[PDB]
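Structure first, commentary second.
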Amino acid sequence: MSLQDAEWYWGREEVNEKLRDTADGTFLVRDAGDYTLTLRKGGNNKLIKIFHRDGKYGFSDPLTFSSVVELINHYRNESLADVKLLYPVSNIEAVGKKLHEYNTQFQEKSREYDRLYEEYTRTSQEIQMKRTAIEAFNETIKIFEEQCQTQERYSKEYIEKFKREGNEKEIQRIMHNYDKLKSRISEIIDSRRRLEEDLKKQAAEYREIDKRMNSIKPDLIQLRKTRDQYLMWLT
Amino acid sequence: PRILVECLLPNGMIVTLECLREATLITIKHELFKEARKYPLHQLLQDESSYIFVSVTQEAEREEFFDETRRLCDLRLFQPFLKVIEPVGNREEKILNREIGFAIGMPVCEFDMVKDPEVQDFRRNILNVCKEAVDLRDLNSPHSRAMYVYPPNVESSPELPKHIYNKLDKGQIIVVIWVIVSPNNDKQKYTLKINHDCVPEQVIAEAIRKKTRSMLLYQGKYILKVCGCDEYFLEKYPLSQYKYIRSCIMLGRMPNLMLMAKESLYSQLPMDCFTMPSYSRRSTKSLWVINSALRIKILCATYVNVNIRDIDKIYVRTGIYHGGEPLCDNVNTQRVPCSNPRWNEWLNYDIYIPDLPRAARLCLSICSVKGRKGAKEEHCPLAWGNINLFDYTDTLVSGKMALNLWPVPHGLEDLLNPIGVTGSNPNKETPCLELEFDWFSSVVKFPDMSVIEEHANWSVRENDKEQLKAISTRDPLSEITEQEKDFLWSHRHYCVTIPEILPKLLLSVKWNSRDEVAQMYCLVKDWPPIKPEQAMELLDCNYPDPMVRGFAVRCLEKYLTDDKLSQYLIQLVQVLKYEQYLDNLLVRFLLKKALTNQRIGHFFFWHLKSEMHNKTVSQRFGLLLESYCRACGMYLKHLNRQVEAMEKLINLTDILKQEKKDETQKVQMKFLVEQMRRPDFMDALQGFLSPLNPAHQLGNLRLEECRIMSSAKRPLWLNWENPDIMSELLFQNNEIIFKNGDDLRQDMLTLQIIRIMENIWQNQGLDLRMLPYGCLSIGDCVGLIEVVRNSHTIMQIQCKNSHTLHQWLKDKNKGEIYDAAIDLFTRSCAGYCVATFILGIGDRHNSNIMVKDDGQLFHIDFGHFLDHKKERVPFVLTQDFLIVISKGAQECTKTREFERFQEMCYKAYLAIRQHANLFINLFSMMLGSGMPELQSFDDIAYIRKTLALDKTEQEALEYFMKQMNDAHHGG
Ligand SMILES: CCN1CCN(c2ccc(Nc3cc(Nc4cccc5c4N(C(C)=O)CC5)ccn3)cc2)CC1
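These protein sequence lines are chains B and A, in that order.
When the letters of the first sequence are read in order and numbered with the deposited numbering, they come out as residues 326 to 336, 340 to 360, 366 to 414, 421 to 429, 441 to 585.
When the letters of the second sequence are read in order and numbered with the deposited numbering, they come out as residues 18 to 234, 246 to 310, 323 to 500, 524 to 863, 873 to 942, 950 to 1050.
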């Protein structure tokens, strides 16, 4: 039969894209006679070169089969053994206006995605810094708690009220430091809580930044196909 | 100034110490104990020199400043508080750990925290390699330690290309020996004419014979140094095999050497002490017996960041992979609403379990669905994650598992990412995904090697012989048809005679089988060796089998010389990421090479540190950096000097980048001068080894000539002195450009490729000279660029008509030097014409091409190294270039100068086109590096097109001729 106009024929990136996530048994014939057939089997796109010699086409010698379309039809009728060749892959002013509009839409989508990506990376930076600061605050609070425990263990034994030595040191000095020390520990705990709250808020905002990111992609890749098909017409 | 630090004495009382910002810890401790007397309970407190400080820094690490003399500025303490406690740990271990943590960038305590058995085993087992390397270094001290510290910078083969050989004066070179042996440095220069095959020992013997008036009869007492830089000829190599010597031969310069006493450097070498750290102290059925199709259960994805309205449903794509090629078709889980991401489905795969290859993997991806568009309902992968089917100890993963799915990379159109990290995302806010595997009532392990070599060995004209060679000579990035695979596997046994066919026969094996893989193992066991440039192919994602990569590493060890290893090092470091496990032969080889040679080790460390900011390869590179720094020796003290130094610059640029980015360069320059006059900046920047070349030492900054460029990014034009005594010989000033925000891995790759091109052309006999200057990326968007001096941009020369450049070249070389000034100009012009045509470097205006006063011409900036701006001759020869090449005329295009120029261009192009496999490998092994313009296989398809690999030699030459005629308007 005639060639240059068929569903299977297409005359490597395009072949891979077309056969990507395609069903088993698919076959696409294209030139790379060369007449290379890309057949999808085992989840991978096998290649078979159609040998053309002595005015005869064939996968392997002898080239008994006559024409490439004849080969495609025959191996669509029967399996290649081991897989049958199942279903294959196959005005000017208006097209110009559509191309311009989809170009503008693609630029808008790209700018929006870039802005979302930059915001995502930035918020990730602040999230990491805030988490590190919170861990440092935890460590500082632990050290202060150990210091307070040691101070409370030591003060009573070392110098309680006037009995041992408490004339005015415990009231003026001994208990002054214990209360003075407790002032910073409580404030340090206060700073951790305040910063911890901010981290949760950023996580939600960082969470939301992902919501806009995981919806634009479906609406932008499909934009490429419309742009790709309309832009790659020029006829 | 006074910062009002807080002190927590062992009693508990808090003391406020008004201490200056630039104060040491000893004085602070003394003042604190002096004030503690006024405080109560001062009875319990002991003497000052009996307690140690503890604090928390900005890295959330609790550390004890044992005796660190660094002021509280360098402490980086998170809060101005300091507890006092009696020291418990070893001073040596803590100090070394602090230095390692500063060099690496992440505190070493984190690795101790990590509970992963594989991580702990790697940490305790890389110490074996570290110890053997350290033992080898100290085998023949102090000579061996000297060779480690100052390695011989030599070439790959003693034999010289004929052109440079004829450049010599009948095999005799005229060197100059400088001797400073006297009460004061007098620089006694002796001109000595000696062969180019004499070892440095004979050079020194004949120098002694001269120096001594006219004869003497020193021996085994002196060594040779390169004047003006720290490179020593300590090895028994011919005097012309050293890179400096051969560079002087080629460039027509007198080699100015120096005679230095051996004891001088032997005493200058501090002793390296490597101490094993603390962590070094701490029912099986053959997998082939199990007979059942692999089954894996998906339970639930607890966390998913999806939009209910925009996403109808979600599902988990899965696949069983080997490299990047599925072993069986992907299975899928039934769609479910995004709100309730629970599946609880036992996916069943087509792969019979015993037929699992060792390098097998399971790639999962949680992805949404959107059928609104119509027939082709677009699918977007929300997250991905890989899982090795075998543990580091050859065990099938069993039981339940929880995997944090990494975010999908930008531009990853596909659903499954089978090349990424095979591990859980460290971040715990990531979308988890729970999995379960089958339980076989026992532990299943890959069968032992002997078991495999029994299956195979029990389960087994020129018409075709030309086809095998035609295939082998083909590109590794080309296409192989099923007839070719079946043909190769049919003649697997005969392929041994063609040892360079393994990179292809490997693709001809069905990893889905057991007999085929067993026979492939029995073949790779007895394979004749291959070249290192061909064994770098077997070290890519394509070839993840344990034994294939073990064989490739054996070839690299046997045949890869240090000169090559220092060039194909970026690629090996990058390929480190794509390795299955943490403890593998490649890392052992690279670590031993980095520990037995500081020249390789310096760049090894810097490449690892640069790549250790992407969280994907943060942990592996941190473990490796720790293992290196533990046995790095004394070089740590130098590396830190560089590290902090770069920091002191980075911050500065940032302050100028946005804070003061309001006024013109006048205020920026004033602020830069003010910040450089500060004692901290002055003390940090001066006095350290240059990261670009450890030989060069940078002395006092010349703040007079340090300015901020007019370039768009506004880099730093840093000027330094040369502390070396003989600085006048090489260069009295050392200049560098510090660029913040511009990726410099593209420039590094282009310069490495240009260096390889120059080496190829030197070997071929085409003396094309290029400037592949130095360039390092010290992080992300931060880098150092060498500055070539005495060279003016083509715009400046013209600015200072179509004859301006030629007039300037004539002026700078008045006399007989005109012949050389024109020949070198034309040769360099041809070299860059070919090189920037093949690599498609960005289009060139005047500013990107600059010429030395001598005549050489080089391109400076890069960043379009595969024509990623949507062939495209960038270096179209301007009128001025052709006028200079033809020596000045109006009928330029019709002179013998054109004929010679085009002949050299064609020769270079064909020489490169005969070595396309190397460049394809170099570009493909760094696809994942993340460069803005090397990200898809179309980028390397551009290289394949420019080299015209598909066509034939005559077709390729005609294609290049047509491209030239199109570019320079015919000729
Ligand atoms: C007929 C020949 N076929 C089969 C062999 N095939 C192949 C060639 C080279 C490599 N090496 C490699 C692969 C890497 N990942 C990538 C693999 C594939 C695509 C992309 C990768 N990207 C990353 C990680 O960013 C960008 C997009 C990274 C480093 N090196 C792997 C496979 C080419 C097609």
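All C-beta atoms in this analysis are idealised placements derived from N, C-alpha and C, irrespective of residue type, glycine included.
- Only those residues of the region 45 to 77 of chain A whose C-beta falls short of 9 Å from the nearest C-beta of chain B are listed: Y56, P57, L58, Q60, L61, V71, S72, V73, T74, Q75, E76, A77.
- Spanning the alpha carbons of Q499 (chain B) and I509 (chain B) requires a straight line of approximately 16 Å.
- Not a single C-beta of chain B is nearer than 7 Å to the C-beta of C126 (chain A).
- Of the other Cβ atoms in all chains shown, 16 or more fall within 10 Å of the Cβ of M789 (chain A); this residue is therefore buried.
- Rounded to the nearest angstrom, the gap between the Cα atoms of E116 (chain A) and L422 (chain A) is 40 Å.
- Counting only the Cα atoms, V636 (chain A) lies some 20 Å from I817 (chain A).
- Under DSSP, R335 (chain A) forms a beta bridge with A:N388.
- At a cut-off of 7 Å between beta carbons, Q643 (chain A) makes no contact with chain B.
- Cβ contact annotation for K389 (chain B) (same chain, cutoff 8 Å, sequence separation greater than five): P395, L396, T397, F398, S399, in chain order.
- In the structure shown, the three-state DSSP call for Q958 (chain A) is helix.
- Within chain B, not a single residue places a beta-carbon under 7 Å from that of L531 (chain A); the smallest gap is close to 17 Å.
- Using a CB distance cut-off of 7 Å, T560 (chain A) does not count as an interface residue toward chain B.
- Residue pairing by DSSP places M123 (chain A) opposite no residue, since no beta bridge is assigned to it.
- Taking a beta-carbon distance threshold of 7 Å, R523 (chain B) counts as an interface residue toward chain A.
- A Cβ-Cβ contact shorter than 7 Å links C378 (chain A) with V346 (chain A).
- According to the DSSP secondary-structure assignment, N284 (chain A) is paired through a beta bridge with A:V193.
- Against chain A, the beta carbon of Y504 (chain B) has neighbours under 9 Å at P27, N28, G29, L58, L61, listed in chain order.
- Flagged as an interface residue toward chain A: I493 (chain B), by a C-beta distance shorter than 7 Å.
- Close CB contacts of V491 (chain A) within its chain, under the 8 Å cut and outside five residues either way in sequence, are with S326, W328 (chain order).
- The continuous alpha helix (DSSP H) containing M525 (chain B) extends over residues 525 to 581.
- Contact annotation for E485 (chain B) against chain A: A77 [CB-CB distance below 7 Å, chain order].
- For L185 (chain A), the CB contacts under 7 Å within the same chain, skipping 5 residues up- and downstream, are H213, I277 in chain order.
- Here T358 (chain A) is buried. Its C-beta has 16 or more other C-beta atoms within 10 Å.
- When DSSP states are grouped into helix, strand and coil, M441 (chain A) belongs to the strand group.
- Along the region 445 to 462 of chain A, going in chain order, the ones with a CB nearer than 8 Å to a CB of chain B are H450, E453, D454, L455.
- Minimum Cα-Cα distance from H940 (chain A) among the listed residues A:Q861, A:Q928, A:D1018, A:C585 corresponds to A:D1018.
- Where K325 (chain A) is concerned, the enclosing beta strand (DSSP E) starts and stops at 324 to 326.
- When distances are taken from the beta-carbon of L956 (chain A) to the heavy atoms of ligand 1, even the shortest one reaches 6 Å or more.
- Taking a contact as a CB-CB distance under 8 Å, the pair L761 (chain A) and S774 (chain A) does not count as one, their CB atoms being some 22 Å apart.
- Per DSSP, reduced to three states, the secondary structure at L436 (chain A) is strand.
- Between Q475 (chain B) and chain A, the shortest Cβ-Cβ separation is not below 7 Å.
- Separation of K132 (chain A) and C984 (chain A) (C-alpha to C-alpha, rounded to the nearest whole angstrom) is 59 Å.
- Taking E563 (chain A) as the centre and dropping the five residues before and after it, the same chain places the C-beta of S535, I593, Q597 closer than 7 Å to its C-beta, in chain order.
- Between the region 63 to 80 of chain A and the region 92 to 99 of chain A, the count of C-beta pairs closer than 8 Å reaches three or more; the two stretches touch.
- Using beta-carbon distances, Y408 (chain B) does not count as an interface residue toward chain A, since no partner is under 7 Å.
- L429 (chain A) and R373 (chain B) have their C-alpha atoms spaced approximately 25 Å apart.
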